[PDB]
Amino acid sequence: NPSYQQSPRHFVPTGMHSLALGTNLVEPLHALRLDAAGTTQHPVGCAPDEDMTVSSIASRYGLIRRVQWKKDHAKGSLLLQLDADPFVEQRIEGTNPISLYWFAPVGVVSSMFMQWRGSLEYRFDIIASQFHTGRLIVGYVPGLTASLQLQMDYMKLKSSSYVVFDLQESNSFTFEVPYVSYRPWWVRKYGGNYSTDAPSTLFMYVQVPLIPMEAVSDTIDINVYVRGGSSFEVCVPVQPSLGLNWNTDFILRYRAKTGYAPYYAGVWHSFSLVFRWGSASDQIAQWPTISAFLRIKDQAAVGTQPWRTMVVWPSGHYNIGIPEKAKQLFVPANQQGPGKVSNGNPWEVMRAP
Amino acid sequence: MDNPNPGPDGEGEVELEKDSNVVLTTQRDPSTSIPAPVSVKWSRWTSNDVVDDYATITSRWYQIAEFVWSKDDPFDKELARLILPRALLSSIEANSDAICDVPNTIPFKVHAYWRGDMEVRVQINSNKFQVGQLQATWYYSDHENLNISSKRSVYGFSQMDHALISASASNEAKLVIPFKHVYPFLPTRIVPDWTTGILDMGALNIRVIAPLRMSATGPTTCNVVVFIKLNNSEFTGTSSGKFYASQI
Amino acid sequence: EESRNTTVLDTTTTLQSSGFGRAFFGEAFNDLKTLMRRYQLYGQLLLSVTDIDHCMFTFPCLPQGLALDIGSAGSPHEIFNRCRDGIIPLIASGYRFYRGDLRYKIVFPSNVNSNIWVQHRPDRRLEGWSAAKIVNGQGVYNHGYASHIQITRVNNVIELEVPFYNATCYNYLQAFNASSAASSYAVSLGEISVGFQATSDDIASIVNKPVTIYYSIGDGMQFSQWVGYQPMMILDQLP
Amino acid sequence: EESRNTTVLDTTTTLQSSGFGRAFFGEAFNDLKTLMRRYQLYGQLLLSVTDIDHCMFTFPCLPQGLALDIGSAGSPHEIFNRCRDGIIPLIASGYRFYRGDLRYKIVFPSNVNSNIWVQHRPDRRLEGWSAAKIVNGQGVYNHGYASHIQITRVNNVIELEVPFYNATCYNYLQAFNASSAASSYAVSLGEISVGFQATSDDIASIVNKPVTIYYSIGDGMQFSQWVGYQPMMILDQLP
């Protein structure tokens, strides 16, 4: 036993390792494996084809818009004026209080990121026979606001970058949207529950109107797919602006305070009955101050009789809820019974003059 | 360059797909879409009984669904939610006879556990003046999802890869569907650890992207045919055919 | 075919590739797998204690995101009511299979002191999306499973590493309706149960304290099959 | 030209260069960047708690120094009333742009025990010099942002590192009047929110305890454009 007498280190405990850091960082863990060097392994038949990658997700088309293009449109008619962002809107005709929206995969994978930049590629799959002939400008205006979103026609469009398509025999093209902004990246459109518009707007006008033969249809539908381009890239990870539809229940927010439900009728040493959220002493459920008595709308606690009326009053310490003029009107403790708790945080503001 | 000379033979060149003894022809080129790479055979890890594919009978094609497709079907209309290792058998039962009567599916009657890849060719026979476009999309394990009813639309299946059947050019849709599932073998009958949802790889479903549009004298209907090959299959668990229950 | 591209009518010149934020921020964002390992809120509970080895709360362990518990009409969990589902099931909605591990880093309250045991149970199946959530011989401590005690007095957070103990190729990832009877073994990595070791006189101090659970995937997760996104809801339109 | 020098009428001989205190103190002071990383008081608050995930106080994160809160007429924050603004905005008054990181090292009180989460939100803009201060879907915890929990029971101080997540060349540095609508994204590094995880019965012990926040720039800050100093106030003439 040599005595190690050099003065040792001098540092700082902390409670928890880093959460945001996830790349170049060996992270210590209390494993629940049996082997210490054990790593999950993939057999030869379990080969992961999809390296999960924003250039792999964003490189997939999603149908996001569909134009009913009829014959009787003039040479100035607007078919779509959708924004030149990944956040392209397509509403579902639902009756829910929150209407769900489809998104392009580039829109979903950019909805987890704060800033995006790069070209977008929109594939227009016009569904036409070889005998239908049409011709349509897919244009692009850099820098349009809300007021300048209108005033538009094809003639003001042909100033900016525009692409005329000759629908004669082939019926599919891919306008690669330029990223023309003053800012190198570009902030997300929607954000959290808190709304920047697009850097630029696409337009699609009918330059030469549809001329079908007499043996074919009058109307032609155009599919509009959206894909992140060959140069699409996003950077800062933030709160998503999009939520899943796995639980579409959304609860708009008198009751008990936060952290006192469930409760049940009981006793209190400074107090007959009063509601308690715990079996240890001085654990009365606290109540908010009404700016009256109470009657519930449903979930009551089960004593000997169920309890649907309560009188809120300060305790001389918060507001207790009580299920010589006051002491004569109290309820005796023999009605306590089993002490079965109330279902959640259910009250009624019965007012009388 | 674009030098037409039609004749008694016609102009175009016929391509084929010859199999064991079923040869089906297409004038048009397929729009192939392959959702996943070709799988490793997996017979080493979980089978001691004699595994023998039957390429002389199982790799034949078999028509499992034809259907009329009218113009009065709406925009996002289901046409066939075919569950491919189930609809192969349940179409045979739709012909109101047993599974033993068909040469393509007799190993499903004898053997117990199927694995393998499935080809799908959805031919269409639209007129050249008809305008409409379908999509054939494969989705792995449809019945294991519950929100799939909210996903089952063209806006959702156009994000995964898929084939497109344009009624304009009478396009044909090859669809190479390899076996990917949770467990590396699909069971073909009542089975000790699951009975409900048997032999269910997923769902070939063919929604409509844009319906048939035509003039007032136009040909309204449009017949659609679906074929299935079972090419790199294998079977294990030789068992009695009296345990094979009828499919749902 | 989906990503086919017939007639490119490009107008653009060459845009300078920043390398997914490398040339500005000194870091990459091309790979979404290394974004997946930023810890996300998993589920949150309030202790309603109604023995020493009774499991205080159990939860199936799964990267899919739980069945989301907003709460009752009176006290909604304000993040799960307002800010829906976060990142990792927003990416897992874009896939169908997964094969990998998870991490947890359970954050306990401070006022509790008693020592805490954590069990990983790969036996217990998940029996559908209903009751695939935090639930306050299953009900007790068990011997043989992988276990870990964290002492609350030293540091009230246990960091875990749940391996891939399933007899599968890979597991299911979307919402799960309990279709087949053995397909139920194809969802969770197992079934973690956290249990305190306090007696009945101390357990009343622990009632209605928050226990937040985090998660992240950790170097092994490989989401395999691409599946498109479901319908989404935009959050700034929430009232 | 400013620093031109026509006719030098020097009388001096050669003065010995000490190397900015090197030859006396064993350390240099030529570079002001390494003086910038000495931690300075940023802002100080008193908790007036009026859920578990409610952000207890928010503050925009910026090296400019906040809008200075002296306080009311009765209880002024005696440093911010007396000793004005310190070092780092006294140097940042001498520049116009910055591009870099920050550090924070938030010092909590001791009597609190509950675990604390800290969010970095680069989304939230700054909307002018008014309400560019500590403020007691923004109001809750959020999933996807960069987060960190410090446990108060182990050590009640969280050291941070706020990176440069802006889509700019560099950001504004003087006082900011919200001139353009998107220029508002050009001031802060983001918007940090500190939130406790205490319940309502414990949160009353936390009311009116001081939470002091420090800051320093950390190896990446590069103040670019020289801009002369504003009018100053001499502190020993304060009554």
# chains A, B, ... in the order shown; residues from 1 in each chain; ligands from 1
>>> select_by_dssp(residues="stretch 15-189 of chain B", states="alpha helix (DSSP H)", output="list in words")
residues 84, 85, 86, 87, 88, 89, 90, 91, 92, 93, 94, 106, 107, 108, 109, 110, 148, 149, 150, 151, 154, 155, 156 and 157 of chain B
>>> write_last_selection(atoms="C-alpha atoms", output="short mmCIF file (atom, residue, chain, number, x, y, z; two decimals), in the first residue's frame")
data_model
loop_
_atom_site.label_atom_id
_atom_site.label_comp_id
_atom_site.auth_asym_id
_atom_site.auth_seq_id
_atom_site.Cartn_x
_atom_site.Cartn_y
_atom_site.Cartn_z
CA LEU B 84 -52.06 -11.04 -52.99
CA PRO B 85 -51.32 -14.31 -51.12
CA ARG B 86 -55.01 -14.35 -50.16
CA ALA B 87 -56.68 -13.22 -53.38
CA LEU B 88 -54.82 -15.90 -55.33
CA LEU B 89 -56.67 -18.52 -53.29
CA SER B 90 -59.93 -16.65 -52.73
CA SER B 91 -60.29 -16.01 -56.45
CA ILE B 92 -59.99 -19.76 -56.97
CA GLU B 93 -62.73 -20.14 -54.38
CA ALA B 94 -64.58 -17.43 -56.31
CA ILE B 106 -51.53 -27.09 -55.00
CA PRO B 107 -48.40 -26.61 -52.83
CA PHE B 108 -50.49 -24.27 -50.67
CA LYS B 109 -52.83 -27.21 -50.08
CA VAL B 110 -50.06 -29.64 -49.15
CA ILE B 148 -54.88 2.99 -43.29
CA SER B 149 -58.53 3.87 -43.96
CA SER B 150 -57.50 7.51 -43.61
CA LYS B 151 -54.47 6.86 -45.82
CA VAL B 154 -54.24 8.61 -54.20
CA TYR B 155 -52.56 11.42 -52.30
CA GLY B 156 -51.04 8.87 -49.95
CA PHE B 157 -50.12 6.10 -52.33
#
>>> residues_around(residues="residue A:153", least_positions_apart="6", cutoff="9 Å", atoms="only C-alpha atoms", output="tab-separated table (two decimals) with N, CA and C atoms, in the first residue's frame")
chain	number	residue	atom	x	y	z
A	76	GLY	N	-56.32	33.38	-70.91
A	76	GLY	CA	-55.80	34.00	-69.72
A	76	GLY	C	-56.17	33.34	-68.42
A	77	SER	N	-56.73	32.13	-68.47
A	77	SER	CA	-57.32	31.53	-67.29
A	77	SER	C	-56.26	30.97	-66.36
A	78	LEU	N	-56.49	31.14	-65.06
A	78	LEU	CA	-55.59	30.62	-64.04
A	78	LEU	C	-56.01	29.22	-63.64
A	205	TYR	N	-50.86	29.14	-66.17
A	205	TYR	CA	-51.91	29.66	-67.03
A	205	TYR	C	-52.06	28.83	-68.29
>>> closest_atom_pairs(of="chain A", to="chain D", cutoff="6 Å", atoms="only C-alpha atoms", output="tab-separated table")
residue	atom	partner	partner_atom	distance
A:14	CA	D:155	CA	5.7
A:15	CA	D:151	CA	4.9
A:19	CA	D:148	CA	5.8
A:20	CA	D:146	CA	5.1
A:185	CA	D:167	CA	5.2
A:193	CA	D:137	CA	4.4
A:194	CA	D:137	CA	6.0
A:238	CA	D:145	CA	4.3
A:239	CA	D:144	CA	3.9
>>> interface_residues(of="chain C", to="chain B", cutoff="10 Å", atoms="only C-alpha atoms", output="ChimeraX atom specification")
/C:1-4,94-98,128-129,167-187,224-231
>>> interface_residues(of="chain C", to="chain D", cutoff="7 Å", atoms="only C-alpha atoms", output="list in words")
residues 25, 40, 41, 78, 79, 82, 83, 86, 87, 109, 110, 155 and 209 of chain C
>>> write_last_selection(atoms="N, CA, C and O atoms", output="PDB file, in the first residue's frame")
ATOM      1  N   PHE C  25     -23.176  26.265 -40.765  1.00  0.00           N
ATOM      2  CA  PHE C  25     -23.301  26.017 -39.339  1.00  0.00           C
ATOM      3  C   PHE C  25     -22.245  25.067 -38.808  1.00  0.00           C
ATOM      4  O   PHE C  25     -22.222  24.807 -37.601  1.00  0.00           O
ATOM      5  N   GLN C  40     -36.648  13.072 -27.454  1.00  0.00           N
ATOM      6  CA  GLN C  40     -37.992  13.596 -27.616  1.00  0.00           C
ATOM      7  C   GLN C  40     -38.838  13.105 -26.452  1.00  0.00           C
ATOM      8  O   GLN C  40     -38.603  12.015 -25.927  1.00  0.00           O
ATOM      9  N   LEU C  41     -39.774  13.946 -26.014  1.00  0.00           N
ATOM     10  CA  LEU C  41     -40.746  13.541 -25.007  1.00  0.00           C
ATOM     11  C   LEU C  41     -41.579  12.370 -25.504  1.00  0.00           C
ATOM     12  O   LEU C  41     -42.104  12.385 -26.619  1.00  0.00           O
ATOM     13  N   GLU C  78     -50.567  19.710 -21.685  1.00  0.00           N
ATOM     14  CA  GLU C  78     -50.646  20.873 -22.562  1.00  0.00           C
ATOM     15  C   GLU C  78     -49.754  20.742 -23.783  1.00  0.00           C
ATOM     16  O   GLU C  78     -50.047  21.331 -24.826  1.00  0.00           O
ATOM     17  N   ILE C  79     -48.688  19.949 -23.695  1.00  0.00           N
ATOM     18  CA  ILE C  79     -47.911  19.671 -24.892  1.00  0.00           C
ATOM     19  C   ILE C  79     -48.640  18.672 -25.784  1.00  0.00           C
ATOM     20  O   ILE C  79     -48.772  18.887 -26.991  1.00  0.00           O
ATOM     21  N   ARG C  82     -51.546  20.487 -27.257  1.00  0.00           N
ATOM     22  CA  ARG C  82     -51.187  21.521 -28.219  1.00  0.00           C
ATOM     23  C   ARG C  82     -50.212  21.012 -29.274  1.00  0.00           C
ATOM     24  O   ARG C  82     -50.533  20.992 -30.462  1.00  0.00           O
ATOM     25  N   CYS C  83     -49.027  20.583 -28.848  1.00  0.00           N
ATOM     26  CA  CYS C  83     -47.922  20.327 -29.773  1.00  0.00           C
ATOM     27  C   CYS C  83     -47.852  18.834 -30.062  1.00  0.00           C
ATOM     28  O   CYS C  83     -47.315  18.037 -29.294  1.00  0.00           O
ATOM     29  N   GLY C  86     -44.430  15.476 -32.053  1.00  0.00           N
ATOM     30  CA  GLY C  86     -43.000  15.708 -32.186  1.00  0.00           C
ATOM     31  C   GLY C  86     -42.421  15.139 -33.472  1.00  0.00           C
ATOM     32  O   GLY C  86     -43.062  15.159 -34.519  1.00  0.00           O
ATOM     33  N   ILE C  87     -41.191  14.632 -33.352  1.00  0.00           N
ATOM     34  CA  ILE C  87     -40.351  14.356 -34.514  1.00  0.00           C
ATOM     35  C   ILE C  87     -40.345  12.876 -34.873  1.00  0.00           C
ATOM     36  O   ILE C  87     -40.581  12.507 -36.029  1.00  0.00           O
ATOM     37  N   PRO C 109     -39.231  12.845 -10.457  1.00  0.00           N
ATOM     38  CA  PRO C 109     -39.301  14.079  -9.671  1.00  0.00           C
ATOM     39  C   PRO C 109     -38.205  14.121  -8.623  1.00  0.00           C
ATOM     40  O   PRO C 109     -37.493  13.142  -8.398  1.00  0.00           O
ATOM     41  N   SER C 110     -38.087  15.269  -7.966  1.00  0.00           N
ATOM     42  CA  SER C 110     -36.988  15.464  -7.034  1.00  0.00           C
ATOM     43  C   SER C 110     -37.382  15.145  -5.604  1.00  0.00           C
ATOM     44  O   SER C 110     -36.537  14.706  -4.815  1.00  0.00           O
ATOM     45  N   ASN C 155     -28.858  10.667  -8.157  1.00  0.00           N
ATOM     46  CA  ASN C 155     -29.294  11.358  -9.363  1.00  0.00           C
ATOM     47  C   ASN C 155     -30.597  10.716  -9.813  1.00  0.00           C
ATOM     48  O   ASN C 155     -30.626   9.527 -10.129  1.00  0.00           O
ATOM     49  N   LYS C 209     -46.829  13.566  -8.605  1.00  0.00           N
ATOM     50  CA  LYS C 209     -45.599  14.193  -9.040  1.00  0.00           C
ATOM     51  C   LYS C 209     -45.355  13.774 -10.475  1.00  0.00           C
ATOM     52  O   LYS C 209     -45.702  12.642 -10.835  1.00  0.00           O
TER      53      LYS C 209
END
>>> residues_around(residues="stretch 125-141 of chain A", least_positions_apart="2", cutoff="8 Å", atoms="only C-alpha atoms", output="MDAnalysis selection string")
(chainID A and resid 123 143:144 154 157:158 160:173 175 177 200:213 216 220:225) or (chainID B and resid 128:133 166 168:169 210)
>>> select_by_dssp(residues="stretch 13-69 of chain B", states="strand (DSSP E)", output="list in words")
residues 15, 16, 17, 18, 23, 24, 25, 26, 63, 64, 65, 66, 67 and 68 of chain B
>>> residues_around(residues="residue B:27", least_positions_apart="5", cutoff="8 Å", atoms="only C-alpha atoms", output="PDB file with N, CA, C and O atoms, in the first residue's frame")
ATOM      1  N   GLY B  12     -46.382  -2.553 -84.866  1.00  0.00           N
ATOM      2  CA  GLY B  12     -45.529  -2.647 -83.698  1.00  0.00           C
ATOM      3  C   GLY B  12     -44.866  -4.002 -83.544  1.00  0.00           C
ATOM      4  O   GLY B  12     -45.197  -4.980 -84.210  1.00  0.00           O
ATOM      5  N   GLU B  13     -43.880  -4.037 -82.653  1.00  0.00           N
ATOM      6  CA  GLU B  13     -43.194  -5.272 -82.319  1.00  0.00           C
ATOM      7  C   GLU B  13     -43.702  -5.807 -80.988  1.00  0.00           C
ATOM      8  O   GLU B  13     -43.780  -5.083 -79.994  1.00  0.00           O
ATOM      9  N   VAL B  14     -44.032  -7.092 -80.972  1.00  0.00           N
ATOM     10  CA  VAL B  14     -44.635  -7.745 -79.818  1.00  0.00           C
ATOM     11  C   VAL B  14     -43.528  -8.145 -78.858  1.00  0.00           C
ATOM     12  O   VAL B  14     -42.544  -8.772 -79.269  1.00  0.00           O
ATOM     13  N   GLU B  15     -43.673  -7.794 -77.585  1.00  0.00           N
ATOM     14  CA  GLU B  15     -42.804  -8.370 -76.572  1.00  0.00           C
ATOM     15  C   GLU B  15     -43.570  -9.408 -75.768  1.00  0.00           C
ATOM     16  O   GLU B  15     -44.800  -9.477 -75.813  1.00  0.00           O
TER      17      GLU B  15
END
>>> closest_atom_pairs(of="chain A", to="chain B", cutoff="7 Å", atoms="only C-alpha atoms", output="tab-separated table")
residue	atom	partner	partner_atom	distance
A:44	CA	B:40	CA	7.0
A:45	CA	B:40	CA	4.9
A:60	CA	B:159	CA	6.4
A:61	CA	B:159	CA	5.9
A:62	CA	B:159	CA	4.7
A:63	CA	B:155	CA	5.4
A:64	CA	B:155	CA	6.6
A:102	CA	B:155	CA	6.8
A:105	CA	B:159	CA	6.7
A:127	CA	B:132	CA	6.6
A:128	CA	B:131	CA	6.0
A:129	CA	B:168	CA	5.1
A:215	CA	B:215	CA	6.1
A:216	CA	B:214	CA	5.2
A:217	CA	B:214	CA	4.1
A:221	CA	B:210	CA	6.8
A:246	CA	B:147	CA	6.7
>>> write_last_selection(atoms="C-alpha atoms", output="tab-separated table (two decimals), in the first residue's frame")
chain	number	residue	atom	x	y	z
A	44	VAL	CA	-28.17	-11.02	-44.59
A	45	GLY	CA	-31.90	-11.19	-45.24
A	60	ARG	CA	-39.91	11.37	-53.92
A	61	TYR	CA	-42.88	12.85	-55.73
A	62	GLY	CA	-46.17	13.37	-53.98
A	63	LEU	CA	-49.42	14.19	-55.71
A	64	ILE	CA	-50.44	17.45	-54.14
A	102	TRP	CA	-52.14	16.01	-47.27
A	105	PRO	CA	-43.07	14.17	-48.74
A	127	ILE	CA	-53.43	13.09	-68.60
A	128	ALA	CA	-54.13	13.49	-72.29
A	129	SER	CA	-54.46	11.36	-75.37
A	215	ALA	CA	-64.15	11.87	-80.80
A	216	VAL	CA	-62.42	12.56	-77.46
A	217	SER	CA	-63.22	14.27	-74.19
A	221	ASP	CA	-57.09	16.60	-65.67
A	246	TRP	CA	-53.43	8.94	-35.15
>>> residues_around(residues="residue D:59", least_positions_apart="4", cutoff="8 Å", atoms="only C-alpha atoms", output="tab-separated table (two decimals) with C-alpha atoms, in the first residue's frame")
chain	number	residue	atom	x	y	z
D	132	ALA	CA	-36.47	42.23	-25.69
D	133	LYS	CA	-36.07	41.07	-22.11
D	134	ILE	CA	-36.75	38.23	-19.71
D	135	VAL	CA	-40.46	37.42	-19.80
D	191	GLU	CA	-35.30	32.34	-27.83
D	192	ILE	CA	-34.38	30.30	-24.75
D	193	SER	CA	-37.09	29.22	-22.37
>>> atom_distance(atom1="atom CA of residue C:28", atom2="atom CA of residue A:56")
14.9 Å
>>> atom_distance(atom1="atom CA of residue A:320", atom2="atom CA of residue A:349")
15.7 Å
>>> residues_around(residues="stretch 33-36 of chain D", least_positions_apart="4", cutoff="8 Å", atoms="only C-alpha atoms", output="PDB file with C-alpha atoms, in the first residue's frame")
ATOM      1  CA  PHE D  29      -4.604  41.531 -22.929  1.00  0.00           C
ATOM      2  CA  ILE D  87     -18.373  44.768 -20.467  1.00  0.00           C
ATOM      3  CA  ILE D  88     -19.842  42.828 -23.384  1.00  0.00           C
ATOM      4  CA  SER D 216     -20.044  34.888 -22.725  1.00  0.00           C
ATOM      5  CA  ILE D 217     -19.310  34.448 -26.399  1.00  0.00           C
ATOM      6  CA  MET D 221     -17.932  35.344 -32.069  1.00  0.00           C
TER       7      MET D 221
END
>>> closest_residue(among="B:220, B:233, B:70, B:240", to="residue B:51", atoms="only C-alpha atoms")
B:233
>>> residues_around(residues="residue B:79", least_positions_apart="5", cutoff="10 Å", atoms="only C-alpha atoms", output="ChimeraX atom specification")
/B:67-69,73,134,205-208,224
>>> write_last_selection(atoms="C-alpha atoms", output="compact mmCIF listing (two decimals), in the first residue's frame")
# COMPACT_ATOMS: atom_id res chain seq x y z
CA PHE B 67 -63.19 -5.94 -63.52
CA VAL B 68 -65.16 -3.47 -65.56
CA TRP B 69 -64.03 0.09 -64.93
CA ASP B 73 -66.64 5.58 -61.01
CA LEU B 134 -54.93 4.47 -62.55
CA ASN B 205 -54.71 -1.68 -54.32
CA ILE B 206 -55.55 0.17 -57.50
CA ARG B 207 -57.08 3.56 -56.86
CA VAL B 208 -58.12 5.89 -59.65
CA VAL B 224 -58.88 -4.43 -66.41
